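Listed in order, the protein sequences are those of chains E and S.
Note that full-length UniProt numbering has the first sequence beginning at 3, numbered continuously upward.
Note that full-length UniProt numbering has the second sequence beginning at 4, numbered continuously upward.
Working notes, beginning with the structure itself.
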Amino acid sequence: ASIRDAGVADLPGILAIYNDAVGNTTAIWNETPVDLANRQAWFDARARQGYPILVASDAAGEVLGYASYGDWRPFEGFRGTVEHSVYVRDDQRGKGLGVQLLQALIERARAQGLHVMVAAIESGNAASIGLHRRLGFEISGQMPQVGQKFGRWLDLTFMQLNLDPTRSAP
Amino acid sequence: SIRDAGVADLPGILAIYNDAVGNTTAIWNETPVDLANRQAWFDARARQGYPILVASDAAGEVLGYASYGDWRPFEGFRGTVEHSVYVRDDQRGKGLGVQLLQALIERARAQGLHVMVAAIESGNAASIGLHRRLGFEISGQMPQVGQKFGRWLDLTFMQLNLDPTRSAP
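Here is the structure:
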């Protein structure tokens, strides 16, 4: 599998993955699917801020997964901290894609001079939690019942990675 | 006296807002705002049904205020709101924070909400203590996710389940 920046041609493939995570998982906390327009607007807002959108792609340019990050919280104080997300196409799980994607994302965030990457994972998702811990992420939050989906309460686990521990001041 | 905020209260609220922005770590911005910014905010909340409460004396002065809004922008977190309380410098030690928080909790509760989140700069022990004595629990401790005054700031998340008897949403 090849990792590269997303182009507008990749949006249809990204839409398929996104809408699946929406309807069958707790990787996204929305229950409503979106259209291509919605993902096009999202793609542009990202390019505007200088934030990357990476995709795991086929020789046949098929989208197997994608990753990206944006602001964590809407205040000037958190500009050094971004929140990312990685999604892999259902049939592609268990092949190491999430690792390749998350590793590439970390390198871009680091090249951008960013300071902290935050992951917001549903607590029961052991697969995702283990993937991150192996990449240096540490648990820093356990928030019970802050979310809901499929008719039940969901717990949130915050994991974070410091990209430059030697940097004493902003 | 604790009561809802009216447009005649915006000036006093902005005075408090801007003092917190310039002298403290209670707000995570370094730039002050005008009265128009606060008028828009006033309107945004009323539209969402979110309260804005003020502590006022006999003269009608704004001694402090509290409010809450969304915590995160996904439908999945609509039972959870992030709130914040601000008390005027010269009115601390008068138990006004306690009063504002209590009234806001009864508000969030009567409104069908499930959880109230507070984001507090980890070094602010007085604020953390005020929340503990009211049922809040530490649910997050994040190092260097913020910055202000030229230094890294740690954030502490504290939450309060408003109705644990409800096993499903």
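Beta carbons are placed, not taken as given, at the ideal position from N, Cα and C, and that holds for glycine.
So which residues of chain S does E/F139 contact, with C-beta pairs closer than 8 angstroms? Numbered from 1 along the first sequence, position 137 holds the residue referred to as residue 139 of chain E. Using a Cβ-Cβ cut-off of 8 angstroms, E/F139 is close to nothing in chain S; its nearest Cβ partner there is about 12 angstroms away.
Per DSSP, S/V120 is paired with what? Position 117 of the second sequence, counting from 1, holds the residue named residue 120 of chain S. According to DSSP, which records beta bridges pairwise, S/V120 is partnered with S/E85 and S/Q162.
Boundaries of the beta strand (DSSP E) in which E/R6 is found, first to last residue: Your numbering for residue 6 of chain E matches position 4 in the first sequence. Secondary structure note for E/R6: its beta strand (DSSP E) is the uninterrupted segment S4 to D7.
Where the alpha helix (DSSP H) containing S/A113 begins and where it ends: Counted from its first residue, the second sequence places residue 113 of chain S at position 110. S/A113 -> alpha helix (DSSP H) spans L99 to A113.
By alpha-carbon positions, which one of E/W155, E/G67 and E/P172 ends up nearest to S/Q150? As a first step, residue 150 of chain S is located in the second sequence; it is residue number 147 there, counting from the start. Closest by C-alpha distance to S/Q150, out of E/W155, E/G67 and E/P172, is E/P172.
Thinking C-alpha only, which one of E/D166, E/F45 and E/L66 is nearest E/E109? Stepping through the first sequence from its first residue, residue 109 of chain E is reached at position 107. When only C-alpha atoms are compared, the closest one is E/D166.
Measure how close the beta-carbons of S/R91 and S/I5 come, nearest whole angstrom, since I'm counting them as under 8 angstroms. One-based indexing of the second sequence puts residue 91 of chain S at position 88. One-based indexing of the second sequence puts residue 5 of chain S at position 2. Going by Cβ atoms, the distance from S/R91 to S/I5 rounds to 14 angstroms, so no, they are not a contact pair.
State the DSSP-derived secondary structure class of E/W44, mapped to helix, strand or coil. Taking the first sequence and counting its residues from 1, the one referred to as residue 44 of chain E is at position 42. E/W44: helix per DSSP, three-state reduction.
What span of residues does the alpha helix (DSSP H) with S/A18 cover, start to end? Looking up residue 18 of chain S in the second sequence gives position 15. Boundaries of the alpha helix (DSSP H) around S/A18: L13 to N26.
Quick one: which chain S residues come within Cβ less than 9 angstroms of E/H134? For the purposes of this step, residue 134 of chain E is taken as residue 132 along the first sequence, with counting starting at 1. What E/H134 touches in chain S: nothing, since even the nearest Cβ is about 15 angstroms away.
Can you check DSSP and say which residues form a bridge with S/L156? If you number the second sequence from 1, residue 156 of chain S lands on position 153. The partner list for S/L156 (beta bridge, DSSP) reads S/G149.
For chain S, find out if any of its Cβ atoms is closer than 8 angstroms to the Cβ of E/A171; answer yes or no. As a position in the first sequence, residue 171 of chain E is number 169, starting the count at 1. E/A171 belongs to the set of residues whose beta carbon lies under 8 angstroms from a beta carbon in chain S.
Residue-level contact to chain S via CB, E/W31, 8 angstroms cutoff: By 1-based counting over the first sequence, the position of residue 31 of chain E is 29. Interface residue, yes.
E/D60 versus S/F80: straight-line alpha-carbon distance, rounded: Taking the first sequence and counting its residues from 1, the one referred to as residue 60 of chain E is at position 58. Taking the second sequence and counting its residues from 1, the one referred to as residue 80 of chain S is at position 77. If I take the Cα positions, the gap works out to 35 angstroms.
By DSSP, does S/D73 sit in helix, in strand, or in coil? Position 70 of the second sequence, counting from 1, holds the residue named residue 73 of chain S. Strand, per DSSP.
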